[PDB]
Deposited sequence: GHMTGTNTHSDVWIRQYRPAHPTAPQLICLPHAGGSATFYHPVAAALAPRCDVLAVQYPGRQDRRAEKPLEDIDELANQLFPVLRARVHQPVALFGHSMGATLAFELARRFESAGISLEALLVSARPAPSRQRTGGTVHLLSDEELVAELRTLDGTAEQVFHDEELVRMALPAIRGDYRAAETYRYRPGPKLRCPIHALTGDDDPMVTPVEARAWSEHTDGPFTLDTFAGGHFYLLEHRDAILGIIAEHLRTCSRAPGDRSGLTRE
């Protein structure tokens, strides 16, 4: 395997393998996607992104803006990208995945799919989130070693909550949205609105659960991912 500071490749992949770039949620690390790597490789090259400020990057100042995360991450992913390539993001990672998709397409790099989980459409971003503004003590409480990780969690939340969608050209790549049926942070319309951001095909799948439904539906989501990349799951 070959990994850098940003992009963690947990398993070896065939040279023919399609690429899956996985964006963690707020407070998440690249290790969150180890089950995806294990289940799809070597038939899929699973690349998991490690944002600054966590684990081995704890010394780095955490980023506070999705566009800054994307702008810094895109050149790195550019040097590794190999089509066919797909993106998967959960929660805040879904917005980052969408922003990265916008940048791939503007660079003439087609995407096999954009998979977005538990996140309103960029055009339906909820304004007025304040979790990132809570005191250290009020922060940890609402999140229910943590102080070492809190600056990175706060920065991630700040990025999720202060995101401002700037209108631009629609995507052309397929968008597959995935949501829980009991998620106070994503309404059905908010999830369906992802259809308004691509001229390609759109599909929305709902699962029994909340914001982290995907922990209970891993095998199902892996089969959905594999279907998009023309592979099988383990």
Deposited-sequence ranges lacking C-alpha coordinates, in sequence order | 1 to 7, 152 to 165, 256 to 266
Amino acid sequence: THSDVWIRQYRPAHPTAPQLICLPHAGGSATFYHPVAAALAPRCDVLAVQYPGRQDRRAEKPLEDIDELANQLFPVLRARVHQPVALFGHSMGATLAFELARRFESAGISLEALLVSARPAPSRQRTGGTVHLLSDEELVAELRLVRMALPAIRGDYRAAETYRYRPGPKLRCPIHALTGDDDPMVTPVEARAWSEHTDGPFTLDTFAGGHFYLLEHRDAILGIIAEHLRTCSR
From here on, numbers count along this sequence of modelled residues.
Comparing 175 to 183 with 56 to 64, the one whose average Cα B-factor in the PDB entry is higher | 56 to 64
The stretch whose C-alpha atoms carry the larger average B-factor in the entry, 34 to 42 or 204 to 212, is 34 to 42
In this crystal structure's PDB entry, the residue among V140, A97, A86, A160 with the greatest CA B factor is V140
Top residue by Cα temperature factor, when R164, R78, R119, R103 are compared in the entry | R78
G93: C-alpha B-factor third of its chain, per the entry, is the lowest
Place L150 in the lowest, middle or highest third of its chain's C-alpha B-factors, as listed in the PDB entry.
-> highest
Taking the C-alpha B-factors as the PDB entry records them, is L23 in the lowest, middle or highest third of its chain?
-> lowest
Chain-relative C-alpha B factor for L115 (record values, thirds): the lowest
Within this chain, which third does the Cα B-factor at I224 fall in: lowest, middle or highest?
-> lowest
